[PDB]
Amino acid sequence: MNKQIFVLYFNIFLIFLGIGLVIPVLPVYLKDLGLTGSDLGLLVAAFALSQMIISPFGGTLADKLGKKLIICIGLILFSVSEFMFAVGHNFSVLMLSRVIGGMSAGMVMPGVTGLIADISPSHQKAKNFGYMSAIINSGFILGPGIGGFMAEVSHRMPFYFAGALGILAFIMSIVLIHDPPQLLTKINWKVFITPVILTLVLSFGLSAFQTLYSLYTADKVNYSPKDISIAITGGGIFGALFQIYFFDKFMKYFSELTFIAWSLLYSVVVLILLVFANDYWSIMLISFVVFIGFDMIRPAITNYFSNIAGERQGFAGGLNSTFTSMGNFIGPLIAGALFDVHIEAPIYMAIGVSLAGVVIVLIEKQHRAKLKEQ
Amino acid sequence: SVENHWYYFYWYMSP
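Structure determination for the deposited model, as stated in its record, used cryo-EM, and the stated resolution is 3.35 Å.

Below, the structure written as structure tokens:
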């Protein structure tokens, strides 16, 4: 693997590592200070919101004021944000650290995507998007895992490690990385609605489950951060392995819509089974398979986007990234507040959004069948 | 003539 490609992918893996580092720490943060779940969700919600807000301005700066400089500035800002979070005292300083880290993440991603586009040839676009989605997430899953796993001996040393990794990535990028209008008028805008809704639902469900599992297993089974970390990382590993081993086999049998509907029904059934779970090992094993549905949905939505877009793969990738970020911003904000409303209410919210996804996909299938038979 | 400019939320490749 090229060295520059490795550095560029590390710049995203570490960014999503910092994105996910906060979830396993939520229970001790609730206990030691004393708040509601609304603030715990609002942490990640504001991080994703800042990332989404900064992404257009960050991309404009990267295109105009140079690409490498913006990437380096974002990396140093991410390291500074991690260091500040490692030394926080109250809710306001953590809020500011999350906001500035989100801004750094939103100023890094457009630069790295531009570097990927400008370095690899034009015949490696879909593959570049595929790897991009695969790292962006193999990081959004491994973040909470490593953070909770290593947050057992110290209360804030995971953020110190994140800052050290940011400094190392900045140094390595400085040493190694070197870079010496009418496009929206012709868009139909009436056909991308269903994939947009599907990817928004998937991102919202993933983020909502990420917050809700931690909050609910802390409230009910008094889970330690290490237990939550191990469960999350094991579920992510299982989902990734099952996807990479069976996605082609399921794809070669049925179409995308029916597969998505059955996967959503499976997600609902695992959520319902998790409703009545009351034992440590029982809920751990149930969580071990929840991520399977989402990790099977994501490549299906990516393939659907690639097929529906056609020649404009870049526009599809941008829309997918923007709507995934919006879902990640809207998930925890609702999830934590409604958990504060009721402990099991976020589970009902997740099953409701899954039902909305399954009904919209089934009506899109009905429409396709109607104009196919007509 | 290869050069990518950044429109909103996405990178477009110059004609």
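> It is not clear to me how the pairing of strand β2 (residues 10-13) of chain B should be interpreted in this structure. Could you clarify?
In the case of a regular strand, side chains alternate between the two sheet surfaces. Residue and element names in this part refer to chain B. Note that strand β1 (residues 4-7) and β2 share four bridges and pair antiparallel. Looking across to β2, one finds that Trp6 is bridged to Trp11. Joining the antiparallel neighbours β1 and β2 is a turn of two residues, in which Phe9 adopts a positive phi near 60°.

> Whenever I open this one, the domain arrangement of chain A confuses me. Can you help?
Residue and element names in this part refer to chain A. The assigned domain composition of chain A is domain 1 (1-180) and domain 2 (182-374). Taken over C-alpha atoms, the centre of domain 1 sits 22 Å from the centre of domain 2. Taken together, the contact between domain 1 and domain 2 spans 29 residues of the former and 27 residues of the latter. On inspection of domain 1 and its partner domain 2, the count reaches one salt bridge.

> Looking at this model, I keep getting lost on the interface of chain A and chain B. Mind explaining?
Reports often express the size of an interface as the amount of accessible area lost when the parts come together. Chain A puts 19 residues into the contact, and the matching count from chain B is eight residues. The contact between chain A and chain B buries some 1,200 Å² in all, and 64% of this surface belongs to carbon and sulfur atoms. Summed over the three residues of chain A that lose the most area to chain B, namely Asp63, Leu183 and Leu184 of chain A, the buried surface amounts to 29% of that side. At the junction of chain A and chain B, the tally comes to zero salt bridges. Scanning the region where chain A abuts chain B turns up five residue pairs in polar contact. Those elements that place two or more of their residues in the side of chain A that touches chain B are α3 (37-64), α5 (91-119) and α14 (313-341) of chain A. Taken together, the residues of the side of chain A that touches chain B break down into eight nonpolar, eight polar and three charged.

> Sorry if this is basic, but what is going on with the environment of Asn278 of chain A here?
All names here are of chain A. Position of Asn278 relative to the elements: it lies in the loop between α11 (256-275) and α12 (280-287). You can call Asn278 exposed: its relative accessible area is 61%. For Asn278 and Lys220, which are 58 residues apart along the polypeptide, the C-alpha to C-alpha distance reads 8.0 Å.

> I keep staring at α3 of chain A and nothing clicks. Help me out?
Note on helix geometry: an α-helix contains 3.6 residues per turn, so any two residues three or four positions apart are oriented the same way. Residue and element names in this part refer to chain A. For α3, with 28 residues, the first-to-last C-alpha span of 41 Å sits near the 40 Å given by 1.5 Å per residue. At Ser55, α3 is bent by approximately 40°, the largest bend along its length, and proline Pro56 sits one to four residues beyond. Of the residues trailing α3, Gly66 is marked for its positive phi of about 90°.

> Just checking my understanding: could you explain the pattern of salt bridges for this structure?
Pairs can form between side chains of opposite charge once their charged atoms are near each other. Residue and element names in this part refer to chain A. Under the definition given, this model contains three salt bridges over all chains. Of the charged contacts in the structure, one is a salt bridge between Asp295 and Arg298, with a shortest N-O distance of 3.4 Å. Linking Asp295 with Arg298, this pair stays in helix α13 (residues 290-309), spanning three residues, or about one helical turn. Residue classification places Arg298 among the buried positions, given a relative accessible area of 16%. Across the pair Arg368 and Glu364 runs a salt bridge whose closest N-O atoms are separated by 3.9 Å. Linking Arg368 with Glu364, this pair stays in helix α15 (residues 345-373), spanning four residues, or about one helical turn. Using a relative accessible area of 27% as the deciding quantity, one classes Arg368 as partly exposed. Look at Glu364 and you get buried, because its relative accessible area is 14%.

> Looking at this model, I keep getting lost on the packing of helix α9 (residues 193-219) of chain A against α13 of chain A. Mind explaining?
Any two packed helices are characterised by how steeply their axes cross, that is the angle between the axes, and by the distance between the axes. All names here are of chain A. α13 packs onto α9 with a crossing angle of 155° between their chain directions and a minimal axis gap of 10 Å. As far as their axial angle goes, α13 and α9 are roughly antiparallel. α9 and α13 meet at a crossing whose hand is left-handed. Residues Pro195, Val196, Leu198, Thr199, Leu202, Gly205, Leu206, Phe209 and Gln210 of α9 lie in contact with α13, whose contacting residues are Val290, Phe291, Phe294, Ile297, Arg298, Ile301, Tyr304, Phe305 and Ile308. For the contact of α9 with α13, the residue count by class is 14 nonpolar, three polar and one charged.

What counts and how
- Residues numbered from 1 in each chain as written, not as in the entry; some residues may be left out.
- Chains lettered and ligands numbered in written order.
- Heavy atoms only, no water.
- Pairing = 2+ DSSP bridges.
- Helix = DSSP H or I, 4+ residues; strand = E, 2+ residues; numbered from the N terminus.
- Domains from an automatic or database assignment.
- Contact = heavy atoms within 4.5 Å.
- Salt bridge = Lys/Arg side-chain N within 4 Å of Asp/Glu carboxyl O.
- Buried area = accessible area lost by both parts, 1.4 Å probe.
- Polar contact = N/O pair within 3.5 Å; in protein donor to acceptor, adjacent residues only side chain to side chain.
- Nonpolar A, V, L, I, M, F, W, Y, C, P; charged D, E, K, R; others polar.
- Buried < 20%, exposed > 50% of the residue type's maximum accessible area, 1.4 Å probe, protein only.
- Expected span 1.5 Å × (residues − 1).
- Bend = angle between axes of the 7 residues up to and from the residue.
- Axes fitted to C-alpha atoms, helices over the stretch in contact; angles between N-to-C directions.
- Parallel < 35°, antiparallel > 145°, perpendicular 65-115°, else oblique.
- Left-handed = near helix turned anticlockwise from the far one by under 90°.

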